[PDB]
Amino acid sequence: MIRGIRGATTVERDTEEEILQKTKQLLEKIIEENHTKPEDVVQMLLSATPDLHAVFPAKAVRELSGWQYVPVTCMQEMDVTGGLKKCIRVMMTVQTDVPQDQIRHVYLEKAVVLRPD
């Protein structure tokens, strides 16, 4: 089957180093939890809240050996009033046979309050 994996993380500053570090760390954690290999990945979508401008989060994928052919595009998360600020989210679509209810979705930094289930 092919399924989606969700991740979320936050930076303390809209700085290219912290966006890339914190996105790469999110990506690593998902891959680790989900045993994901680059050729299992259909595509990835990364969103930033409307207050991060330094760099596109997807540049962090280029710091993962083997991931040069995984499709990615970024997007503006909608501007909700009360939304967790300075947040990056990933929806990674993967060829997998693990059941829906057993996929591991990662939530790091201040994002751990988004989905505490």
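Numbering starts at 1 and runs along the sequence shown.
**Student:** Would you determine, from the values in the PDB entry, which of 99-107 and 18-26 has the greater average C-alpha temperature factor?
**Tutor:** Higher of the two, by average CA B-factor, is 99-107.
**Student:** Once you work out the mean C-alpha B-factor for both 79-87 and 45-53 from the entry, which is higher?
**Tutor:** Stretch with the higher mean C-alpha B-factor: 79-87.
**Student:** Consider only the C-alpha atoms of the modelled residues in this chain, order them by B-factor as the entry records it, and name the third containing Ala58: lowest, middle or highest.
**Tutor:** Lowest third.
**Student:** Pull the Cα B-factor of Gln68 out of the PDB entry and bin it into the chain's lowest, middle or highest third.
**Tutor:** It belongs to the middle third of the chain when residues are ordered by C-alpha B-factor.
**Student:** What third of its chain, lowest, middle or highest, does the C-alpha temperature factor of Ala8 fall into?
**Tutor:** Ranked within chain, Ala8 CA B lands in the middle tercile.
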